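Undergrad: Okay, handing you the structure first.
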Amino acid sequence: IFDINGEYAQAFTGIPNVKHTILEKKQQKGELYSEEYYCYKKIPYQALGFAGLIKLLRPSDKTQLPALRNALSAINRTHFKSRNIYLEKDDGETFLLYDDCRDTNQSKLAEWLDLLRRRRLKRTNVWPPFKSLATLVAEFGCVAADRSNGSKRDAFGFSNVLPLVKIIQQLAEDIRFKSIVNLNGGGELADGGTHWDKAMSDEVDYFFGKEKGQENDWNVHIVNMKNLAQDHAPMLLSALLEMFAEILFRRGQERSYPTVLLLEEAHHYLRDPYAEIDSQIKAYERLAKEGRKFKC
Amino acid sequence: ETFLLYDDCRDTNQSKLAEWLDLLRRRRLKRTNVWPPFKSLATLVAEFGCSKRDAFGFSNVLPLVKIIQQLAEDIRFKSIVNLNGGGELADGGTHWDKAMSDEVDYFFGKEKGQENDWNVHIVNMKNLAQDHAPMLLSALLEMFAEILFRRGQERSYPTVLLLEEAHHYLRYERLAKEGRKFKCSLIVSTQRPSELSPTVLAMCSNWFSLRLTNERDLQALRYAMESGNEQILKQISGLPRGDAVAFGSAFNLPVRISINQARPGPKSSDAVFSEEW
Amino acid sequence: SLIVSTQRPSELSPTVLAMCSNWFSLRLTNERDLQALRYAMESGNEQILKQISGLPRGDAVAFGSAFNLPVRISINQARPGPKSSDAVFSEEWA
């Protein structure tokens with residue numbers, strides 16, 4: 001059941017074999033079922049998705065699309081520190097700089113692009129801070145390298161991207177959204193080289209469940225909250241539909257578990273009236289189509 | 001002299017790019033013997049989006065390139081279209097006809113005079129996404145019609161087509177009209193006739209109607225009759241399962257026929273909720 | 001002078017059918033076509049109209065300014081006739 005407003009909790013007291021969640025310790029038969037037995041759950045900012053991040057970035061200004069695409073595409077093979085903007089040398093020597101914005105040895109961007117397309121560069125195994133994406137976005141577009149033995153600085157591009165940088169950083173500087181994200185981190189990494197499979201298997205196993213022949217602890221998954229967002233809640237609720245549709249399609253007929261959903265008040269969030277993009281329409285249309293293929 | 005096209009709007013040697021684009025316009029290059037990938041068109045569009053240059057002019061081409069870059073990577077669409085490329089190309093200016101003809105000959109039977117290794121061509125498409133299905137199916141149908149136009153009657157053979165749930169993809173429209181001329185036949189099966197094309201229904205010469213309840217479905221079907229009567233429309237609303245009402249050019253009077261059962265039955269898979277436990 | 005041959009009176013331009021001094025009508029079961037014809041039908045003639053909905057093969061109703069009075073005509077076959085192709089799929093599937 002995918003609740004929206006917190007009123008069904010009143011009448012559902014005293015039901016055996018129920019897993020309860022609101023927005024490790026497991027109890028069982030022999031203990032009464034009552035209130036004030038709630039848990040918490042947090043969603044990170046990486047789970048929104050590549051298409052979701054693109055939609056929230058809403059690139060509709062000149063040549064910002066290639067910059068955003070390459071900024072999002074240049075995260076696994078980028079060397080960056082907290083406050084040290086320098087270019088890693090292949091030979092080994094280090095020429096340190098300062099925080100000042102000055103053009104130095106940046107002509108090797110072509111070499112870095114060729115090397116990262118070759119897929120023989122050192123990778124990054126840390127959890128990227130949110131401000132890293134903003135730094136990468138701000139970095140591209142400003143510098144325009146010359147053809148040979150020269151440089152050119154243009155303030156027109158900086159003026160054009162000033163609305164871009166303000167709209168991307170001011171909205172990210174918010175407090176209403178900040179109360180539902182957890183930064184504890186400290187997960188674990190699996191070796192073998194197929195870690196990309198793990199990066200999706202973890203959530204499809206924990207949040208969605210296992211396949212037949214295996215054992216999962218929770219059998220019902222209630223989602224309910226009191227805090228509501230006027231312009232952000234429907235997107236986040238619809239954000240879960242695209243990932244679920246992708247998971248259901250990839251599962252195939254080999255693995256498929258029956259699921260009964262009870263989404264409520266669809267017209268509030270299924271079709272948002274202040275948005276023009278029709279991407280979500282195909283998303284829930286495909287989800288509805290997939291509801292027929294298997295037991296859903 | 002060697003030149004390469006870039007990806008991230010790279011500006012390199014713009015003085016000699018003008019002669020490159022002029023030669024490309026006048027076609028003074030070397031022919032390629034392989035099929036480029038589908039993103040080659042996107043790269044060409046980026047190159048052609050374009051002394052000093054103004055970003056205002058280049059800003060006009062963002063929607064198509066962003067749509068292409070947001071649609072190509074999807075597994076659902078990539079599961080259907082083959083983007084391997086690199087196919088062998090013949091020398092000349094009739095490459096399109098060969099590529100069309102190969103697929104048409106393989107999929108929709110062969111030309112008159114050539115023996116075939118089959119007589120029934122069953123096609124299973126249950127995983128195809130209906131968001132992209134109608135355009136592909138309509139394109140295939142119109143390509144078949146365009147190929148059939150050149151064939152003529154003297155080089156054609158009788159063909160029969162069966163289409164279940166045809167209202168989804170029947171929505172480009174010349175196949176039905178030219179079917180009589182090019183010796184073709186069709187069978188339309190559907191469940192909501194209100195969505196059927198207004199012209200396609202009138203062309204049909206025989207009618208089989210089962211239990212149909214909605215007024216709008218029987219409001220338009222009333223409007224598109226040519227050889228029926230008004231004395232059987234009442235029994236439509238209460239037709240039992242397995243009973244049909246027929247009127248056309250095969251019966252002197254309309255007949256209430258109970259259809260015989262054909263063995264074996266079709267693949268009707270039932271999701272049992274108690275066996276799986 | 002013009003001769004109009006058609007099967008859908010509702011698909012004709014409404015101002016050209018009324019200009020025709022004479023008329024003909026073979027079997028027509030669609031009510032919307034019969035109503036369109038009756039919109040330009042001579043008054044006082046109703047019994048022959050009931051045959052129009054049920055005229056058998058090759059029967060015509062003649063009413064106009066070139067006939068003494070309406071009559072149900074049995075048209076006679078002319079030899080040779082039209083092409084009458086009507087391609088048959090059994091003969092090529094033997």
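Following the order of the structure tokens, first chain is A, next is B, and so on, with residues numbered from 1 inside each chain and ligands from 1 in the order they appear.
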Find the residues around residue 88 (chain C) up to 12 Å (only C-alpha atoms counted), leave out those fewer than 2 positions away in its own chain, and share them as a ChimeraX atom specification.
TA: /B:158,180,183-184 /C:84-86,90-94
Undergrad: What would the file look like if the residues just selected were written as a JSON list (two decimals), in the first residue's frame with N, CA and C atoms?
TA:
[["chain", "number", "residue", "atom", "x", "y", "z"],
["B", 158, "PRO", "N", -1.32, -14.02, -54.61],
["B", 158, "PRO", "CA", -2.31, -13.81, -53.55],
["B", 158, "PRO", "C", -1.69, -13.90, -52.17],
["B", 180, "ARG", "N", -7.25, -4.16, -53.06],
["B", 180, "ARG", "CA", -8.04, -4.70, -54.16],
["B", 180, "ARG", "C", -7.26, -4.68, -55.47],
["B", 183, "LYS", "N", -4.15, -7.35, -55.27],
["B", 183, "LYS", "CA", -4.49, -8.72, -54.88],
["B", 183, "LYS", "C", -4.03, -9.01, -53.44],
["B", 184, "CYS", "N", -4.66, -8.28, -52.52],
["B", 184, "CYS", "CA", -4.38, -8.45, -51.10],
["B", 184, "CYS", "C", -5.70, -8.51, -50.33],
["C", 84, "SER", "N", -16.08, -7.03, -65.95],
["C", 84, "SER", "CA", -16.50, -7.96, -64.91],
["C", 84, "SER", "C", -15.36, -8.89, -64.52],
["C", 85, "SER", "N", -14.26, -8.26, -64.10],
["C", 85, "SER", "CA", -13.07, -9.01, -63.71],
["C", 85, "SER", "C", -13.38, -9.97, -62.56],
["C", 86, "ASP", "N", -13.60, -9.42, -61.37],
["C", 86, "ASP", "CA", -13.92, -10.19, -60.17],
["C", 86, "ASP", "C", -12.95, -11.35, -60.00],
["C", 90, "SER", "N", -9.46, -19.04, -56.04],
["C", 90, "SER", "CA", -9.42, -20.50, -56.14],
["C", 90, "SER", "C", -8.68, -20.95, -57.40],
["C", 91, "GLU", "N", -8.84, -20.22, -58.50],
["C", 91, "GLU", "CA", -8.27, -20.66, -59.77],
["C", 91, "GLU", "C", -6.75, -20.58, -59.77],
["C", 92, "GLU", "N", -6.18, -19.60, -59.07],
["C", 92, "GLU", "CA", -4.73, -19.45, -58.99],
["C", 92, "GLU", "C", -4.12, -20.23, -57.83],
["C", 93, "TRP", "N", -4.93, -20.90, -57.02],
["C", 93, "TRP", "CA", -4.46, -21.68, -55.88],
["C", 93, "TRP", "C", -4.70, -23.18, -56.09],
["C", 94, "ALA", "N", -4.87, -23.59, -57.34],
["C", 94, "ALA", "CA", -5.14, -24.99, -57.66],
["C", 94, "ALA", "C", -3.91, -25.85, -57.43]]
Undergrad: Using only C-alpha atoms, find which residues of chain B lie within 8 Å of chain A and jot them down as a ChimeraX atom specification.
TA: /B:8,12-13,55-56,58-60,62,66,129,131,271
Undergrad: Pull out every residue of chain B that has at least one atom within 7 Å of chain C, counting only C-alpha atoms, and report them as a list in words.
TA: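 Matching residues, ligands excluded from the count: residues 225, 226, 227, 228 and 229 of chain B.
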Undergrad: Could you write out, as number ranges by chain, all the residues of region 126-229 of chain B that DSSP marks as strand (DSSP E)?
TA: B: 159-160, 184-185, 207-209
Undergrad: Could you turn the residues from that selection into a file that holds N, CA and C atoms, as an mmCIF file, in the first residue's frame?
TA:
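Resulting contents of part_5.cif:
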data_model
loop_
_atom_site.group_PDB
_atom_site.id
_atom_site.type_symbol
_atom_site.label_atom_id
_atom_site.label_comp_id
_atom_site.auth_asym_id
_atom_site.auth_seq_id
_atom_site.Cartn_x
_atom_site.Cartn_y
_atom_site.Cartn_z
ATOM 1 N N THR B 159 -2.088 -12.973 -51.297
ATOM 2 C CA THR B 159 -1.674 -12.969 -49.903
ATOM 3 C C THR B 159 -2.879 -12.661 -49.026
ATOM 4 N N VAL B 160 -2.889 -13.244 -47.830
ATOM 5 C CA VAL B 160 -3.940 -13.018 -46.848
ATOM 6 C C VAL B 160 -3.290 -12.630 -45.528
ATOM 7 N N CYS B 184 -4.656 -8.283 -52.517
ATOM 8 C CA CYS B 184 -4.384 -8.446 -51.095
ATOM 9 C C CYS B 184 -5.701 -8.510 -50.334
ATOM 10 N N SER B 185 -5.650 -9.113 -49.147
ATOM 11 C CA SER B 185 -6.820 -9.258 -48.293
ATOM 12 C C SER B 185 -6.420 -8.985 -46.850
ATOM 13 N N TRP B 207 -19.475 -8.609 -42.116
ATOM 14 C CA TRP B 207 -19.477 -8.155 -40.733
ATOM 15 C C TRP B 207 -19.787 -9.311 -39.798
ATOM 16 N N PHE B 208 -18.949 -9.481 -38.778
ATOM 17 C CA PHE B 208 -19.214 -10.390 -37.670
ATOM 18 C C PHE B 208 -19.154 -9.593 -36.378
ATOM 19 N N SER B 209 -20.277 -9.517 -35.670
ATOM 20 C CA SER B 209 -20.365 -8.783 -34.416
ATOM 21 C C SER B 209 -20.772 -9.731 -33.300
#
Undergrad: Residues at most 7 Å from region 59-75 of chain C, counting only C-alpha atoms, excluding those fewer than 4 positions away in the same chain, as a ChimeraX atom specification?
TA: /C:21-26,55
Undergrad: Determine, counting only C-alpha atoms, which protein, DNA and RNA residues have an atom within 12 Å of an atom of residue 71 (chain B); residues of the same chain fewer than 6 positions away are not included. Present the result as a ChimeraX atom specification.
TA: /A:51,279 /B:38-39,63-65,77-78,81,132
Undergrad: How about saving the chosen residues, N, CA, C and O atoms kept, as a JSON list (two decimals), in the first residue's frame?
TA:
[["chain", "number", "residue", "atom", "x", "y", "z"],
["A", 51, "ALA", "N", 17.93, 10.07, -15.77],
["A", 51, "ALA", "CA", 16.84, 10.78, -16.44],
["A", 51, "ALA", "C", 16.16, 11.75, -15.48],
["A", 51, "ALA", "O", 15.78, 12.86, -15.87],
["A", 279, "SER", "N", 7.24, 12.91, -20.19],
["A", 279, "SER", "CA", 8.03, 11.70, -19.99],
["A", 279, "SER", "C", 7.36, 10.74, -19.02],
["A", 279, "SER", "O", 7.37, 9.52, -19.22],
["B", 38, "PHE", "N", 23.59, 5.04, -36.17],
["B", 38, "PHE", "CA", 22.49, 5.99, -36.27],
["B", 38, "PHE", "C", 22.83, 7.35, -35.67],
["B", 38, "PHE", "O", 22.19, 8.34, -36.03],
["B", 39, "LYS", "N", 23.81, 7.42, -34.78],
["B", 39, "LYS", "CA", 24.22, 8.69, -34.20],
["B", 39, "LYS", "C", 25.02, 9.55, -35.18],
["B", 39, "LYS", "O", 25.30, 10.71, -34.86],
["B", 63, "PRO", "N", 16.16, 20.80, -29.35],
["B", 63, "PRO", "CA", 15.17, 19.76, -29.02],
["B", 63, "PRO", "C", 15.42, 18.43, -29.70],
["B", 63, "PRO", "O", 15.34, 17.38, -29.04],
["B", 64, "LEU", "N", 15.72, 18.43, -31.00],
["B", 64, "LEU", "CA", 15.89, 17.16, -31.70],
["B", 64, "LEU", "C", 17.11, 16.40, -31.19],
["B", 64, "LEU", "O", 17.05, 15.19, -30.97],
["B", 65, "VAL", "N", 18.23, 17.10, -31.01],
["B", 65, "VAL", "CA", 19.44, 16.42, -30.55],
["B", 65, "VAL", "C", 19.26, 15.91, -29.13],
["B", 65, "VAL", "O", 19.71, 14.81, -28.80],
["B", 77, "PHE", "N", 13.81, 0.56, -26.31],
["B", 77, "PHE", "CA", 13.89, 0.83, -27.74],
["B", 77, "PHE", "C", 15.11, 0.15, -28.36],
["B", 77, "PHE", "O", 15.05, -0.32, -29.51],
["B", 78, "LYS", "N", 16.22, 0.09, -27.62],
["B", 78, "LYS", "CA", 17.41, -0.59, -28.12],
["B", 78, "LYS", "C", 17.19, -2.10, -28.25],
["B", 78, "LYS", "O", 17.94, -2.75, -28.98],
["B", 81, "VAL", "N", 15.48, -2.21, -32.24],
["B", 81, "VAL", "CA", 16.19, -1.69, -33.40],
["B", 81, "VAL", "C", 17.65, -2.12, -33.33],
["B", 81, "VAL", "O", 18.27, -2.07, -32.26],
["B", 132, "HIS", "N", 6.22, 2.71, -28.78],
["B", 132, "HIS", "CA", 6.92, 2.82, -30.05],
["B", 132, "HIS", "C", 6.38, 1.88, -31.12],
["B", 132, "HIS", "O", 6.78, 2.00, -32.29]]
Undergrad: Name the residues of chain C that come out as helix (DSSP H, G or I) in a backbone DSSP run; write them as JSON, numbers by chain.
TA: {"C": [9, 10, 11, 14, 15, 16, 17, 31, 32, 33, 34, 35, 36, 37, 38, 47, 48, 49, 50, 51, 52, 91, 92, 93]}
Undergrad: Measure the distance from CA of residue 110 (chain A) to CA of residue 74 (chain B) in Å and round it to one decimal.
TA: 28.1 Å
Undergrad: Do a neighbour search on region 211-215 of chain B at 10 Å with only C-alpha atoms, toss out local chain neighbours closer than 5 positions, and write the hits as a ChimeraX atom specification.
TA: /B:191-194,220-221,235-245
Undergrad: Limited to N, CA, C and O atoms, could you put the picked residues into a file as a PDB file, in the first residue's frame?
TA:
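What follows is the written file result-v7.pdb:
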ATOM      1  N   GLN B 191     -11.698  -4.841 -30.294  1.00  0.00           N
ATOM      2  CA  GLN B 191     -12.641  -4.870 -29.187  1.00  0.00           C
ATOM      3  C   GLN B 191     -13.327  -3.535 -28.935  1.00  0.00           C
ATOM      4  O   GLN B 191     -14.332  -3.508 -28.216  1.00  0.00           O
ATOM      5  N   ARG B 192     -12.820  -2.434 -29.490  1.00  0.00           N
ATOM      6  CA  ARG B 192     -13.463  -1.125 -29.396  1.00  0.00           C
ATOM      7  C   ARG B 192     -13.517  -0.521 -30.792  1.00  0.00           C
ATOM      8  O   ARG B 192     -12.576   0.159 -31.226  1.00  0.00           O
ATOM      9  N   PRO B 193     -14.602  -0.759 -31.535  1.00  0.00           N
ATOM     10  CA  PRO B 193     -14.662  -0.278 -32.924  1.00  0.00           C
ATOM     11  C   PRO B 193     -14.703   1.234 -33.051  1.00  0.00           C
ATOM     12  O   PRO B 193     -14.476   1.746 -34.154  1.00  0.00           O
ATOM     13  N   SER B 194     -14.989   1.963 -31.969  1.00  0.00           N
ATOM     14  CA  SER B 194     -15.058   3.418 -32.055  1.00  0.00           C
ATOM     15  C   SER B 194     -13.717   4.025 -32.444  1.00  0.00           C
ATOM     16  O   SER B 194     -13.677   5.089 -33.073  1.00  0.00           O
ATOM     17  N   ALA B 220     -21.580   4.084 -34.093  1.00  0.00           N
ATOM     18  CA  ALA B 220     -20.816   4.295 -35.319  1.00  0.00           C
ATOM     19  C   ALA B 220     -20.954   3.113 -36.270  1.00  0.00           C
ATOM     20  O   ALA B 220     -20.922   3.287 -37.493  1.00  0.00           O
ATOM     21  N   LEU B 221     -21.097   1.900 -35.728  1.00  0.00           N
ATOM     22  CA  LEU B 221     -21.266   0.730 -36.583  1.00  0.00           C
ATOM     23  C   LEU B 221     -22.584   0.797 -37.342  1.00  0.00           C
ATOM     24  O   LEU B 221     -22.679   0.332 -38.483  1.00  0.00           O
ATOM     25  N   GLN B 235     -30.578  -7.888 -31.155  1.00  0.00           N
ATOM     26  CA  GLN B 235     -29.979  -9.074 -30.552  1.00  0.00           C
ATOM     27  C   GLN B 235     -28.495  -8.912 -30.248  1.00  0.00           C
ATOM     28  O   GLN B 235     -27.915  -9.800 -29.616  1.00  0.00           O
ATOM     29  N   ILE B 236     -27.869  -7.818 -30.686  1.00  0.00           N
ATOM     30  CA  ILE B 236     -26.452  -7.608 -30.398  1.00  0.00           C
ATOM     31  C   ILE B 236     -26.226  -7.456 -28.898  1.00  0.00           C
ATOM     32  O   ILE B 236     -25.274  -8.014 -28.338  1.00  0.00           O
ATOM     33  N   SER B 237     -27.103  -6.713 -28.220  1.00  0.00           N
ATOM     34  CA  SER B 237     -26.920  -6.407 -26.805  1.00  0.00           C
ATOM     35  C   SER B 237     -27.028  -7.626 -25.897  1.00  0.00           C
ATOM     36  O   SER B 237     -26.625  -7.540 -24.732  1.00  0.00           O
ATOM     37  N   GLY B 238     -27.556  -8.745 -26.383  1.00  0.00           N
ATOM     38  CA  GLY B 238     -27.705  -9.916 -25.542  1.00  0.00           C
ATOM     39  C   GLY B 238     -27.154 -11.185 -26.156  1.00  0.00           C
ATOM     40  O   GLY B 238     -27.716 -12.268 -25.970  1.00  0.00           O
ATOM     41  N   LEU B 239     -26.057 -11.064 -26.890  1.00  0.00           N
ATOM     42  CA  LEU B 239     -25.463 -12.217 -27.556  1.00  0.00           C
ATOM     43  C   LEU B 239     -24.712 -13.080 -26.549  1.00  0.00           C
ATOM     44  O   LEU B 239     -23.830 -12.569 -25.849  1.00  0.00           O
ATOM     45  N   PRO B 240     -25.021 -14.369 -26.444  1.00  0.00           N
ATOM     46  CA  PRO B 240     -24.245 -15.246 -25.561  1.00  0.00           C
ATOM     47  C   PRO B 240     -22.843 -15.482 -26.105  1.00  0.00           C
ATOM     48  O   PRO B 240     -22.553 -15.258 -27.283  1.00  0.00           O
ATOM     49  N   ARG B 241     -21.962 -15.934 -25.215  1.00  0.00           N
ATOM     50  CA  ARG B 241     -20.599 -16.265 -25.614  1.00  0.00           C
ATOM     51  C   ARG B 241     -20.607 -17.406 -26.625  1.00  0.00           C
ATOM     52  O   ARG B 241     -21.305 -18.407 -26.444  1.00  0.00           O
ATOM     53  N   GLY B 242     -19.825 -17.252 -27.688  1.00  0.00           N
ATOM     54  CA  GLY B 242     -19.777 -18.236 -28.748  1.00  0.00           C
ATOM     55  C   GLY B 242     -20.832 -18.087 -29.822  1.00  0.00           C
ATOM     56  O   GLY B 242     -20.953 -18.977 -30.671  1.00  0.00           O
ATOM     57  N   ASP B 243     -21.601 -16.999 -29.811  1.00  0.00           N
ATOM     58  CA  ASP B 243     -22.635 -16.745 -30.803  1.00  0.00           C
ATOM     59  C   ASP B 243     -22.307 -15.469 -31.567  1.00  0.00           C
ATOM     60  O   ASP B 243     -21.874 -14.475 -30.975  1.00  0.00           O
ATOM     61  N   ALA B 244     -22.515 -15.502 -32.880  1.00  0.00           N
ATOM     62  CA  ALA B 244     -22.188 -14.382 -33.748  1.00  0.00           C
ATOM     63  C   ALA B 244     -23.344 -14.101 -34.699  1.00  0.00           C
ATOM     64  O   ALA B 244     -24.132 -14.988 -35.033  1.00  0.00           O
ATOM     65  N   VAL B 245     -23.427 -12.846 -35.137  1.00  0.00           N
ATOM     66  CA  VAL B 245     -24.424 -12.394 -36.101  1.00  0.00           C
ATOM     67  C   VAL B 245     -23.690 -11.917 -37.346  1.00  0.00           C
ATOM     68  O   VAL B 245     -22.805 -11.057 -37.258  1.00  0.00           O
TER      69      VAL B 245
END
